[PDB]
Each structure stands twice: as structure tokens, then as C-alpha cells.
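Below you'll find only one chain, the form deposited without the ligand, shown as C-alpha cells.
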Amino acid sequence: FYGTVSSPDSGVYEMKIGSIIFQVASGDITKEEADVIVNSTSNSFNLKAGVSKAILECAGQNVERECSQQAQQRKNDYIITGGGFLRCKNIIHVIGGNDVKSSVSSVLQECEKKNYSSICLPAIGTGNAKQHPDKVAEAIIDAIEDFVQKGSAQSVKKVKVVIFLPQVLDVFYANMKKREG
């Protein structure tokens, strides 16, 4: 499945995984444009610390309210809200403590269901949940491999991880180089 790691733009690394362009970069995810932006939050969908703070503050109070409304309704493994004032069509709020491969698989499936092309996510779990960056990287990329292997990638064309700490970026880079053709 794996293509070659290159750097298309300063500080960005990319490689193909099947038909998907997988990219990683460091920086502030709230500045990104994508069909879906992922928020890594708590099981109450109301964390406002680290990247979740930035996402909820930029997205706005209407998204905060959509989150607590759905959180009240049933036990969710993740929730989908509007994008608020972020540059996306939907935010998918996943639980940072949850199995990362499972969370990314869910995000990919939801994006196919909406015929979306682009996804931007953080290094899910490496914030408040304190999952280890190496395991998180392995899980994210494994989820994308499985999705491609199953023939499920149709609308999804671009998956970008925008990562708050350059040191975590370095871990993702190493993982891509491990996998490259």
C-alpha cells in the first residue's frame, strides 16, 4: 500500500497509502481547512484543555452546545457536530482515551458516508489522555491501511495529522519512514 515519504511544502511530510495522500505537519489545527476536523476530547465531550480548548474556543458556543446536547442523549463513542467558526463542514469529536485505531476507523467511515474528501486530525490521545506518541502514530496509520485494504477509500483522498508538538511530529515521521516502499 505504501508510497514514498516526501516533503511537498515546508514542514509537511506526505506519502501515499493506497489512493489516500497521508500528511503530517506541526502547528495549530484550528487554522486548517478540511471537510472534517477531528477533536480529541473526553467522554463528556466538554474538555477544554490543550488542543480541545483551541478547537472549542475557535468553533464557538453553538458547537459546545451541540456537544453537550448529544452527550445528554445517549452513550456515544464519538459525536459529530457542525464546524462552527472552524473551516470545516463537520467536527468529529472522539474520545482521546479510547482505542485510537477504532476512533480513526470511525472517522474514515463517517467521512465516506458524507462523500467527504479531506480530513484533518490531531495526534489523538497524546494530550489529556496521555497515550504514548509512538503507539498513537502506529494506530492512526494502521487505521488508514485497514480502510484502504478493505476497499473502503472512495471519497476520502487526503488525511492530514496536524500535531501540536514538533517532537510528536518527529515520531510520526519516523513511523512513515518505517512503512515507506
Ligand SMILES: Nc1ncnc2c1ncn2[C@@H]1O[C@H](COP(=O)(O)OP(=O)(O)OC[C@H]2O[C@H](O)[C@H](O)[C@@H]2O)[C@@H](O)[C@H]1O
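Start at 1 with the first residue shown and count on from there.
Although not depicted, the form deposited with the ligand bound is the subject of the following passage.
For this session: Would you mind fitting the ligand into the shown chain by superposing the local C-alphas on its pose in the deposited complex and telling me if the pocket reads open or blocked at 2.4 Å from backbone or C-beta atoms, 3 atoms or more being blocked?
Result: Check flagged, pocket reads blocked.
Problem set entry | Touches the ligand in the deposited complex: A54 (any heavy atom, 4.5 Å) | Result yes; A54 sits at the interface with the ligand in the deposited complex.
Problem set entry | Any non-hydrogen atom of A129 within 4.5 angstroms of the ligand in the deposited complex | Residue-level check for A129: yes, a contact with the ligand.
Problem set entry | Interface membership of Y173, the ligand in the deposited complex, 4.5 Å heavy atom rule | Answer no; every heavy atom of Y173 is more than 4.5 Å from the ligand in the deposited complex.
Exercise. Can any non-hydrogen atom of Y13 be found within 4.5 angstroms of the ligand in the deposited complex?
Worked result: No, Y13 is distant from the partner.
Exercise. Just one stretch in 27-35, 108-116, 143-151, 59-67 has heavy atoms within 4.5 Å of the ligand in the deposited complex, so which one is it?
Worked result: The contacting stretch here is 27-35.
Problem set entry | Stretch 30-47 - residues with a heavy atom within 4.5 Å of the ligand in the deposited complex | Going through 30-47 in order - heavy atoms within 4.5 Å of the ligand in the deposited complex - the hits are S40, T41, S42, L47.
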